[PDB]
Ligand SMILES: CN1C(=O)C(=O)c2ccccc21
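To begin, one chain is listed below as structure tokens, in the form solved without this ligand.
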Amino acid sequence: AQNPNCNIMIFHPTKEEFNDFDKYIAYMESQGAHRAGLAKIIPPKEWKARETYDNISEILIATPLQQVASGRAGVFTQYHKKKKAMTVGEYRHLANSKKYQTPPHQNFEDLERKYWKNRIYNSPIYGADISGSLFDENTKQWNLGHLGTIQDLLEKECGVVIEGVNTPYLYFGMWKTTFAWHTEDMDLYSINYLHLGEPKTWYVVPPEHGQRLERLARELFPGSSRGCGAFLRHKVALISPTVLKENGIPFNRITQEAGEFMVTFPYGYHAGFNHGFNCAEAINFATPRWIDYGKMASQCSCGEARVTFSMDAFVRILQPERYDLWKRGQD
């Protein structure tokens, strides 16, 4: 069995290996990369996502989200308070202000310590979940707006044509902006490219151990757990590495820098934080190996998780028994 300790693997494809996206994902899996839940892909030195980032300041962040925490430093929830619209140039200036900027630090490890110690005492503002793309249309390799669609994959594997579309999303971050512990909708893959700016730190639980993280979360968030049998779908709960280690939960950590891709694999729980002003692009995708995870994915039916139009068909075809109850949650 390849990668039996479930370590995060890092790949360096050549420009020739970078042509065929599906083939390269299958290669990484042949080496055991999925067992970690997360892999890093460093693009060939010849590749670029676009020529420059000099002309992005006029993108609008229609609904910036202020991330307000409750709890204790290693075990907390966050809610999102909607703020007034602002442009990317306005948001960059805000990120660089004395109130919001990254503090002085020695290295990534010192910054990680300061994040876990201090996050709860501040409410950073995240420009998350913005439909769009920063890849140039002429970039042919690993262009997240030109991938094979999940609907087309389900059709190729299962023979059923379904409605729905699959487009990328932009994330503009600042120091301390946070992504809570989650897997993807329908336990899909995700791919995330860090276009510019400061790093993003990731934590991940191997898929084979995901239920250990769920059982800890039910213990640590006991009211949430009574409210919903899949409350991590709400994407609100944070648990620190120190707390995970104290409770024996297997995990790994890695920092992504500008110009690097990360792939999350089906049922790989992940969480993390941004080091300073940055922009990332991400999209979900599927492979044949996903189908069995999609059939078994948990679902939130309490009404909180509220998701895209395109998830309807995935539930309806892959999970027909659950369909009725899940749709009640969505309406």
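For every residue, the number given is its place in the sequence shown, counted from 1.
What follows is about the form solved in complex with this ligand, which we do not show.
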query	finding
Shown-form site status with respect to this ligand as positioned in the entry with it bound after superposition (2.4 Å backbone/C-beta criterion, 3+ atoms)	blocked
Non-hydrogen atom contact residue 36 with this ligand in the entry with it bound at 4.5 angstroms	no
This ligand contact at residue 41 in the entry with it bound, heavy atom, 4.5 Å	no
Within 283-304, the residues that have a heavy atom no more than 4.5 Å from this ligand in the entry with it bound	299, 300, 301, 302, 303
